[PDB]
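J.: Numbering (our numbering), first residue to last: 605 to 696. Beta carbons are placed, not taken as given, at the ideal position from N, Cα and C, and that holds for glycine.
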Amino acid sequence: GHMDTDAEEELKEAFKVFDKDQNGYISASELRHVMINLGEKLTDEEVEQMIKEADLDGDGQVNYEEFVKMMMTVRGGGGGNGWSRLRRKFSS
Ligand SMILES: [Ca+2]
Ligand SMILES: [Ca+2]
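1) Comparing the CB of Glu644 with every heavy atom of ligand 1, is any distance shorter than 6 Å?
2) Helix, strand or coil, according to DSSP, for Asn685 in the structure here?
3) Hey, which unbroken runs of the beta strand (DSSP E) at 3 residues or more fall wholly within the segment 649-682?
4) Restricting to Cα atoms, I'd like to know which of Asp663, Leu635 and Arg692 is closest to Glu650.
5) Would you report the Cα separation of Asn667 and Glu613, rounded to the nearest angstrom?
6) Could you please give me the residues that DSSP links to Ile630 through a beta bridge?
7) For ligand 1, list every residue whose C-beta falls under 7 Å from any of its heavy atoms, going in chain order.
8) My output table needs one value for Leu615: the three-state DSSP class, helix, strand or coil.
9) From this set, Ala632, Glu617 and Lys620, which residue's C-alpha is nearest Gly664's C-alpha?
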């Protein structure tokens, strides 16, 4: 087995869902909407903190590249408290 890839489709599919606007850029607005829909009530501070951690250019928006790398790290590497919370409530 060890085929893997389950990440490519997972990250890609999820990313496509996160970016409702489909502009290729995730914003606190979309992130917050997803968190709320998940039955979670997080404050803007938590959302902003997540963007800052992932955002390396502080453009107020997270690009696909920032998402993939961030997801790759949080997986074994570890990230902030928000990303870890999402990556924790997901698989395990
Ligand atoms: Ca967007
Ligand atoms: Ca960014």
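T.: So, from the listed chains and residues:
1) no
2) helix
3) Counting only unbroken stretches of 3 or more residues, no beta strand (DSSP E) element lies wholly within the segment 649-682.
4) Shortest Cα-Cα distance from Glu650 to any of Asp663, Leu635 and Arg692 involves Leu635.
5) 17 Å
6) Partner(s): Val666.
7) After applying the 7 Å Cβ criterion, the set is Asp623, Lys624, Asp625, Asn627, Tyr629, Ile630, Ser631 and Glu634.
8) Note: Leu615 maps to helix in three-state DSSP.
9) Distances from the alpha-carbon of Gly664 to those of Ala632, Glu617 and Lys620 put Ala632 closest.
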